[PDB]
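J.: Input final.pdb, format and content: PDB, N, CA and C atoms.
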```pdb
ATOM      1  N   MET A   1      20.627 -18.830  43.207  1.00  0.00           N
ATOM      2  CA  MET A   1      21.814 -18.013  42.828  1.00  0.00           C
ATOM      3  C   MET A   1      21.398 -16.551  42.697  1.00  0.00           C
ATOM      4  N   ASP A   2      22.243 -15.653  43.197  1.00  0.00           N
ATOM      5  CA  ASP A   2      21.958 -14.223  43.131  1.00  0.00           C
ATOM      6  C   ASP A   2      22.341 -13.662  41.765  1.00  0.00           C
ATOM      7  N   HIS A   3      21.996 -12.396  41.527  1.00  0.00           N
ATOM      8  CA  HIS A   3      22.302 -11.750  40.250  1.00  0.00           C
ATOM      9  C   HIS A   3      22.777 -10.316  40.468  1.00  0.00           C
ATOM     10  N   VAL A   4      23.849 -10.154  41.245  1.00  0.00           N
ATOM     11  CA  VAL A   4      24.395  -8.835  41.528  1.00  0.00           C
ATOM     12  C   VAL A   4      25.623  -8.561  40.670  1.00  0.00           C
ATOM     13  N   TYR A   5      26.183  -9.614  40.083  1.00  0.00           N
ATOM     14  CA  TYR A   5      27.377  -9.474  39.262  1.00  0.00           C
ATOM     15  C   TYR A   5      27.138  -8.510  38.106  1.00  0.00           C
ATOM     16  N   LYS A   6      25.994  -8.662  37.453  1.00  0.00           N
ATOM     17  CA  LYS A   6      25.655  -7.811  36.324  1.00  0.00           C
ATOM     18  C   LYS A   6      25.607  -6.353  36.765  1.00  0.00           C
ATOM     19  N   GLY A   7      25.007  -6.116  37.923  1.00  0.00           N
ATOM     20  CA  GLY A   7      24.899  -4.767  38.457  1.00  0.00           C
ATOM     21  C   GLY A   7      26.273  -4.192  38.781  1.00  0.00           C
ATOM     22  N   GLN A   8      27.200  -5.063  39.174  1.00  0.00           N
ATOM     23  CA  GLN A   8      28.552  -4.630  39.512  1.00  0.00           C
ATOM     24  C   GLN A   8      29.368  -4.326  38.260  1.00  0.00           C
ATOM     25  N   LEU A   9      29.315  -5.230  37.291  1.00  0.00           N
ATOM     26  CA  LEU A   9      30.063  -5.052  36.046  1.00  0.00           C
ATOM     27  C   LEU A   9      29.588  -3.820  35.318  1.00  0.00           C
ATOM     28  N   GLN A  10      28.288  -3.616  35.301  1.00  0.00           N
ATOM     29  CA  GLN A  10      27.752  -2.468  34.617  1.00  0.00           C
ATOM     30  C   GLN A  10      28.214  -1.183  35.297  1.00  0.00           C
ATOM     31  N   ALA A  11      28.180  -1.174  36.624  1.00  0.00           N
ATOM     32  CA  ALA A  11      28.608   0.000  37.375  1.00  0.00           C
ATOM     33  C   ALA A  11      30.111   0.222  37.220  1.00  0.00           C
ATOM     34  N   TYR A  12      30.871  -0.871  37.218  1.00  0.00           N
ATOM     35  CA  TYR A  12      32.322  -0.781  37.082  1.00  0.00           C
ATOM     36  C   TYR A  12      32.701  -0.166  35.739  1.00  0.00           C
ATOM     37  N   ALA A  13      32.159  -0.728  34.662  1.00  0.00           N
ATOM     38  CA  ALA A  13      32.451  -0.229  33.325  1.00  0.00           C
ATOM     39  C   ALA A  13      32.077   1.247  33.203  1.00  0.00           C
ATOM     40  N   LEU A  14      30.860   1.582  33.625  1.00  0.00           N
ATOM     41  CA  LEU A  14      30.389   2.960  33.549  1.00  0.00           C
ATOM     42  C   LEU A  14      31.235   3.871  34.431  1.00  0.00           C
ATOM     43  N   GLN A  15      31.507   3.425  35.650  1.00  0.00           N
ATOM     44  CA  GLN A  15      32.287   4.229  36.578  1.00  0.00           C
ATOM     45  C   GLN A  15      33.708   4.419  36.058  1.00  0.00           C
ATOM     46  N   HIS A  16      34.265   3.358  35.484  1.00  0.00           N
ATOM     47  CA  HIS A  16      35.621   3.405  34.946  1.00  0.00           C
ATOM     48  C   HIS A  16      35.614   3.926  33.511  1.00  0.00           C
ATOM     49  N   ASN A  17      34.418   4.098  32.950  1.00  0.00           N
ATOM     50  CA  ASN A  17      34.291   4.591  31.581  1.00  0.00           C
ATOM     51  C   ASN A  17      34.923   3.610  30.602  1.00  0.00           C
ATOM     52  N   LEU A  18      34.331   2.421  30.497  1.00  0.00           N
ATOM     53  CA  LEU A  18      34.839   1.383  29.598  1.00  0.00           C
ATOM     54  C   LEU A  18      33.727   0.870  28.686  1.00  0.00           C
ATOM     55  N   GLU A  19      34.100   0.471  27.470  1.00  0.00           N
ATOM     56  CA  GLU A  19      33.129  -0.037  26.511  1.00  0.00           C
ATOM     57  C   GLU A  19      32.183  -1.011  27.196  1.00  0.00           C
ATOM     58  N   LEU A  20      30.907  -0.890  26.881  1.00  0.00           N
ATOM     59  CA  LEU A  20      29.897  -1.749  27.486  1.00  0.00           C
ATOM     60  C   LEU A  20      30.320  -3.223  27.409  1.00  0.00           C
ATOM     61  N   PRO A  21      30.007  -4.019  28.412  1.00  0.00           N
ATOM     62  CA  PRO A  21      30.372  -5.469  28.429  1.00  0.00           C
ATOM     63  C   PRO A  21      29.529  -6.279  27.453  1.00  0.00           C
ATOM     64  N   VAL A  22      30.076  -7.406  27.004  1.00  0.00           N
ATOM     65  CA  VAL A  22      29.364  -8.279  26.068  1.00  0.00           C
ATOM     66  C   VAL A  22      29.380  -9.725  26.557  1.00  0.00           C
ATOM     67  N   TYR A  23      28.200 -10.334  26.563  1.00  0.00           N
ATOM     68  CA  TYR A  23      28.041 -11.714  26.992  1.00  0.00           C
ATOM     69  C   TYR A  23      27.785 -12.624  25.802  1.00  0.00           C
ATOM     70  N   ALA A  24      28.170 -13.886  25.954  1.00  0.00           N
ATOM     71  CA  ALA A  24      27.959 -14.898  24.914  1.00  0.00           C
ATOM     72  C   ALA A  24      27.020 -15.980  25.438  1.00  0.00           C
ATOM     73  N   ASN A  25      26.159 -16.506  24.563  1.00  0.00           N
ATOM     74  CA  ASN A  25      25.202 -17.546  24.958  1.00  0.00           C
ATOM     75  C   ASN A  25      25.394 -18.815  24.132  1.00  0.00           C
ATOM     76  N   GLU A  26      25.597 -19.940  24.819  1.00  0.00           N
ATOM     77  CA  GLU A  26      25.762 -21.228  24.141  1.00  0.00           C
ATOM     78  C   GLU A  26      24.921 -22.285  24.846  1.00  0.00           C
ATOM     79  N   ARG A  27      24.172 -23.066  24.071  1.00  0.00           N
ATOM     80  CA  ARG A  27      23.317 -24.112  24.636  1.00  0.00           C
ATOM     81  C   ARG A  27      23.489 -25.400  23.856  1.00  0.00           C
ATOM     82  N   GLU A  28      23.932 -26.449  24.533  1.00  0.00           N
ATOM     83  CA  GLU A  28      24.116 -27.728  23.874  1.00  0.00           C
ATOM     84  C   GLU A  28      24.121 -28.840  24.910  1.00  0.00           C
ATOM     85  N   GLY A  29      23.377 -29.906  24.648  1.00  0.00           N
ATOM     86  CA  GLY A  29      23.321 -31.024  25.585  1.00  0.00           C
ATOM     87  C   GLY A  29      21.974 -31.753  25.500  1.00  0.00           C
ATOM     88  N   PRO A  30      21.955 -33.068  25.607  1.00  0.00           N
ATOM     89  CA  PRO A  30      20.681 -33.845  25.551  1.00  0.00           C
ATOM     90  C   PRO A  30      19.552 -33.193  26.379  1.00  0.00           C
ATOM     91  N   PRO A  31      18.314 -33.621  26.198  1.00  0.00           N
ATOM     92  CA  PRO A  31      17.148 -33.065  26.965  1.00  0.00           C
ATOM     93  C   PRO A  31      17.346 -33.126  28.484  1.00  0.00           C
ATOM     94  N   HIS A  32      17.723 -34.304  28.983  1.00  0.00           N
ATOM     95  CA  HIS A  32      17.929 -34.494  30.420  1.00  0.00           C
ATOM     96  C   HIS A  32      19.361 -34.152  30.805  1.00  0.00           C
ATOM     97  N   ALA A  33      20.127 -33.669  29.832  1.00  0.00           N
ATOM     98  CA  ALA A  33      21.514 -33.278  30.078  1.00  0.00           C
ATOM     99  C   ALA A  33      21.843 -31.984  29.338  1.00  0.00           C
ATOM    100  N   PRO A  34      21.157 -30.915  29.660  1.00  0.00           N
ATOM    101  CA  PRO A  34      21.393 -29.589  29.027  1.00  0.00           C
ATOM    102  C   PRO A  34      22.571 -28.862  29.674  1.00  0.00           C
ATOM    103  N   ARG A  35      23.353 -28.144  28.868  1.00  0.00           N
ATOM    104  CA  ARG A  35      24.492 -27.390  29.393  1.00  0.00           C
ATOM    105  C   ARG A  35      24.480 -25.986  28.823  1.00  0.00           C
ATOM    106  N   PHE A  36      24.626 -24.976  29.689  1.00  0.00           N
ATOM    107  CA  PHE A  36      24.633 -23.591  29.213  1.00  0.00           C
ATOM    108  C   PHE A  36      25.972 -22.951  29.436  1.00  0.00           C
ATOM    109  N   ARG A  37      26.749 -22.825  28.380  1.00  0.00           N
ATOM    110  CA  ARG A  37      28.069 -22.211  28.500  1.00  0.00           C
ATOM    111  C   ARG A  37      28.044 -20.780  27.974  1.00  0.00           C
ATOM    112  N   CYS A  38      28.106 -19.818  28.892  1.00  0.00           N
ATOM    113  CA  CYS A  38      28.089 -18.403  28.518  1.00  0.00           C
ATOM    114  C   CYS A  38      29.424 -17.752  28.844  1.00  0.00           C
ATOM    115  N   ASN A  39      29.985 -17.053  27.862  1.00  0.00           N
ATOM    116  CA  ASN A  39      31.270 -16.372  28.043  1.00  0.00           C
ATOM    117  C   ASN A  39      31.045 -14.875  28.174  1.00  0.00           C
ATOM    118  N   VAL A  40      31.931 -14.202  28.904  1.00  0.00           N
ATOM    119  CA  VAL A  40      31.816 -12.753  29.093  1.00  0.00           C
ATOM    120  C   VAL A  40      33.060 -12.063  28.560  1.00  0.00           C
ATOM    121  N   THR A  41      32.863 -11.188  27.579  1.00  0.00           N
ATOM    122  CA  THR A  41      33.976 -10.450  26.980  1.00  0.00           C
ATOM    123  C   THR A  41      34.091  -9.065  27.608  1.00  0.00           C
ATOM    124  N   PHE A  42      35.259  -8.769  28.178  1.00  0.00           N
ATOM    125  CA  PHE A  42      35.493  -7.470  28.811  1.00  0.00           C
ATOM    126  C   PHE A  42      36.943  -7.035  28.591  1.00  0.00           C
ATOM    127  N   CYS A  43      37.140  -5.767  28.243  1.00  0.00           N
ATOM    128  CA  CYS A  43      38.487  -5.249  28.011  1.00  0.00           C
ATOM    129  C   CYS A  43      39.287  -6.192  27.115  1.00  0.00           C
ATOM    130  N   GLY A  44      38.602  -6.799  26.149  1.00  0.00           N
ATOM    131  CA  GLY A  44      39.255  -7.713  25.217  1.00  0.00           C
ATOM    132  C   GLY A  44      39.680  -9.002  25.912  1.00  0.00           C
ATOM    133  N   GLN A  45      38.909  -9.416  26.915  1.00  0.00           N
ATOM    134  CA  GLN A  45      39.213 -10.640  27.660  1.00  0.00           C
ATOM    135  C   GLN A  45      37.950 -11.465  27.861  1.00  0.00           C
ATOM    136  N   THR A  46      38.016 -12.747  27.498  1.00  0.00           N
ATOM    137  CA  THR A  46      36.863 -13.638  27.639  1.00  0.00           C
ATOM    138  C   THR A  46      37.069 -14.625  28.777  1.00  0.00           C
ATOM    139  N   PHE A  47      36.354 -14.401  29.877  1.00  0.00           N
ATOM    140  CA  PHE A  47      36.446 -15.277  31.041  1.00  0.00           C
ATOM    141  C   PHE A  47      35.376 -16.360  30.967  1.00  0.00           C
ATOM    142  N   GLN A  48      35.741 -17.570  31.384  1.00  0.00           N
ATOM    143  CA  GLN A  48      34.810 -18.695  31.366  1.00  0.00           C
ATOM    144  C   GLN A  48      35.183 -19.712  32.440  1.00  0.00           C
ATOM    145  N   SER A  49      34.166 -20.344  33.021  1.00  0.00           N
ATOM    146  CA  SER A  49      34.383 -21.349  34.058  1.00  0.00           C
ATOM    147  C   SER A  49      34.599 -22.722  33.431  1.00  0.00           C
ATOM    148  N   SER A  50      35.180 -23.640  34.199  1.00  0.00           N
ATOM    149  CA  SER A  50      35.429 -24.993  33.709  1.00  0.00           C
ATOM    150  C   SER A  50      34.221 -25.880  33.983  1.00  0.00           C
ATOM    151  N   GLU A  51      33.224 -25.318  34.671  1.00  0.00           N
ATOM    152  CA  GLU A  51      32.006 -26.061  35.001  1.00  0.00           C
ATOM    153  C   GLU A  51      30.809 -25.483  34.257  1.00  0.00           C
ATOM    154  N   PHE A  52      29.879 -26.359  33.898  1.00  0.00           N
ATOM    155  CA  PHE A  52      28.671 -25.956  33.175  1.00  0.00           C
ATOM    156  C   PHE A  52      27.513 -25.847  34.145  1.00  0.00           C
ATOM    157  N   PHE A  53      26.774 -24.781  33.978  1.00  0.00           N
ATOM    158  CA  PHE A  53      25.616 -24.503  34.830  1.00  0.00           C
ATOM    159  C   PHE A  53      24.346 -25.134  34.244  1.00  0.00           C
ATOM    160  N   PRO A  54      23.393 -25.502  35.076  1.00  0.00           N
ATOM    161  CA  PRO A  54      22.115 -26.109  34.610  1.00  0.00           C
ATOM    162  C   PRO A  54      21.122 -25.062  34.098  1.00  0.00           C
ATOM    163  N   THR A  55      21.476 -23.780  34.220  1.00  0.00           N
ATOM    164  CA  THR A  55      20.591 -22.689  33.778  1.00  0.00           C
ATOM    165  C   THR A  55      21.375 -21.628  33.000  1.00  0.00           C
ATOM    166  N   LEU A  56      20.671 -20.925  32.113  1.00  0.00           N
ATOM    167  CA  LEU A  56      21.304 -19.901  31.283  1.00  0.00           C
ATOM    168  C   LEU A  56      21.824 -18.731  32.125  1.00  0.00           C
ATOM    169  N   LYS A  57      20.919 -18.021  32.803  1.00  0.00           N
ATOM    170  CA  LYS A  57      21.305 -16.862  33.598  1.00  0.00           C
ATOM    171  C   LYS A  57      22.370 -17.238  34.615  1.00  0.00           C
ATOM    172  N   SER A  58      22.301 -18.464  35.106  1.00  0.00           N
ATOM    173  CA  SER A  58      23.271 -18.928  36.081  1.00  0.00           C
ATOM    174  C   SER A  58      24.681 -18.792  35.513  1.00  0.00           C
ATOM    175  N   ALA A  59      24.815 -19.066  34.221  1.00  0.00           N
ATOM    176  CA  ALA A  59      26.109 -18.963  33.554  1.00  0.00           C
ATOM    177  C   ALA A  59      26.568 -17.506  33.467  1.00  0.00           C
ATOM    178  N   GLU A  60      25.638 -16.607  33.150  1.00  0.00           N
ATOM    179  CA  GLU A  60      25.966 -15.185  33.032  1.00  0.00           C
ATOM    180  C   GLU A  60      26.429 -14.622  34.372  1.00  0.00           C
ATOM    181  N   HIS A  61      25.720 -14.979  35.435  1.00  0.00           N
ATOM    182  CA  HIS A  61      26.068 -14.497  36.766  1.00  0.00           C
ATOM    183  C   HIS A  61      27.460 -14.978  37.158  1.00  0.00           C
ATOM    184  N   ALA A  62      27.705 -16.272  36.963  1.00  0.00           N
ATOM    185  CA  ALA A  62      29.000 -16.856  37.294  1.00  0.00           C
ATOM    186  C   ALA A  62      30.086 -16.298  36.381  1.00  0.00           C
ATOM    187  N   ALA A  63      29.730 -16.058  35.123  1.00  0.00           N
ATOM    188  CA  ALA A  63      30.688 -15.527  34.161  1.00  0.00           C
ATOM    189  C   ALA A  63      31.241 -14.192  34.645  1.00  0.00           C
ATOM    190  N   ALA A  64      30.348 -13.303  35.064  1.00  0.00           N
ATOM    191  CA  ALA A  64      30.765 -11.996  35.550  1.00  0.00           C
ATOM    192  C   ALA A  64      31.556 -12.123  36.856  1.00  0.00           C
ATOM    193  N   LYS A  65      31.203 -13.109  37.680  1.00  0.00           N
ATOM    194  CA  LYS A  65      31.883 -13.314  38.959  1.00  0.00           C
ATOM    195  C   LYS A  65      33.391 -13.461  38.761  1.00  0.00           C
ATOM    196  N   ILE A  66      33.789 -14.289  37.806  1.00  0.00           N
ATOM    197  CA  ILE A  66      35.203 -14.488  37.532  1.00  0.00           C
ATOM    198  C   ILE A  66      35.786 -13.271  36.808  1.00  0.00           C
ATOM    199  N   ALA A  67      34.957 -12.622  35.995  1.00  0.00           N
ATOM    200  CA  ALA A  67      35.393 -11.447  35.236  1.00  0.00           C
ATOM    201  C   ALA A  67      35.673 -10.252  36.151  1.00  0.00           C
ATOM    202  N   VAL A  68      34.725  -9.939  37.024  1.00  0.00           N
ATOM    203  CA  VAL A  68      34.881  -8.811  37.935  1.00  0.00           C
ATOM    204  C   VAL A  68      36.027  -9.064  38.907  1.00  0.00           C
ATOM    205  N   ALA A  69      36.262 -10.333  39.221  1.00  0.00           N
ATOM    206  CA  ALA A  69      37.337 -10.703  40.129  1.00  0.00           C
ATOM    207  C   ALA A  69      38.701 -10.455  39.489  1.00  0.00           C
ATOM    208  N   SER A  70      38.779 -10.639  38.173  1.00  0.00           N
ATOM    209  CA  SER A  70      40.037 -10.435  37.458  1.00  0.00           C
ATOM    210  C   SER A  70      40.429  -8.961  37.474  1.00  0.00           C
ATOM    211  N   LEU A  71      39.435  -8.090  37.337  1.00  0.00           N
ATOM    212  CA  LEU A  71      39.680  -6.650  37.339  1.00  0.00           C
ATOM    213  C   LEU A  71      40.151  -6.186  38.713  1.00  0.00           C
ATOM    214  N   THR A  72      39.679  -6.860  39.754  1.00  0.00           N
ATOM    215  CA  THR A  72      40.060  -6.505  41.117  1.00  0.00           C
ATOM    216  C   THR A  72      39.756  -7.653  42.074  1.00  0.00           C
TER     217      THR A  72
END
```
Kindly return the structure encoded in the file as structure tokens.
T.:
Amino acid sequence: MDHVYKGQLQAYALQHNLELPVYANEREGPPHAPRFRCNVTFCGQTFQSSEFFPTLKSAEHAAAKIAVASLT
């Protein structure tokens, strides 16, 4: 999985002059069944996917993907 979403959101906020973005980190699930649910708060909006990623950063990248898409 790539990690360009963060670079885009950061540039978007700065370019548009908006309060810095905030990410949320959640980890819960058995050893062989770990789930990382990360939420992204932007412009007073928390976007989240209906699917759980097997990795932490994976959640952040996907989180921004839906977030940046909402803005445009």
J.: List every residue of stretch 6-64 of chain A that DSSP, applied to the backbone of this structure, places in alpha helix (DSSP H), and write the result as number ranges by chain.
T.: A: 6-16, 56-64
J.: For the provided coordinates, the residues matched by the PyMOL selection byres ((chain A and resi 63-71) around 6) should be stated as a list in words.
T.: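 When the PyMOL selection byres ((chain A and resi 63-71) around 6) is applied to the shown file, the picked residues are residues 5, 38, 40, 47, 48, 58, 59, 60, 61, 62 and 72 of chain A.
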J.: Using the chain letters and numbers from this file, what does the PyMOL selection byres (((chain A and resi 43 and name CA) around 12) and name CA) select? Give the answer as a count of residues only.
T.: 21
J.: Per DSSP on the backbone, what are the strand (DSSP E) residues of chain A, as a list in words?
T.: residues 22, 23, 40, 41, 42, 45, 46 and 47 of chain A
J.: Between A:23, A:8, A:52, A:15, which is the closest to residue A:39 once you count only N, CA and C atoms?
T.: A:23
J.: What does the distance between atom CA of residue A:36 and atom CA of residue A:1 come to in Å, to one decimal place?
T.: 15.0 Å
J.: So the first atom is atom N of residue A:37 and the second is atom N of residue A:3; what is the distance between them in Å, to one decimal place?
T.: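 It comes out at 17.4 Å.
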J.: If you measure from atom CA of residue A:2 to atom CA of residue A:33, what distance in Å do you get, rounded to one decimal?
T.: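 About the pair atom CA of residue A:2 and atom CA of residue A:33: they are 23.1 Å apart.
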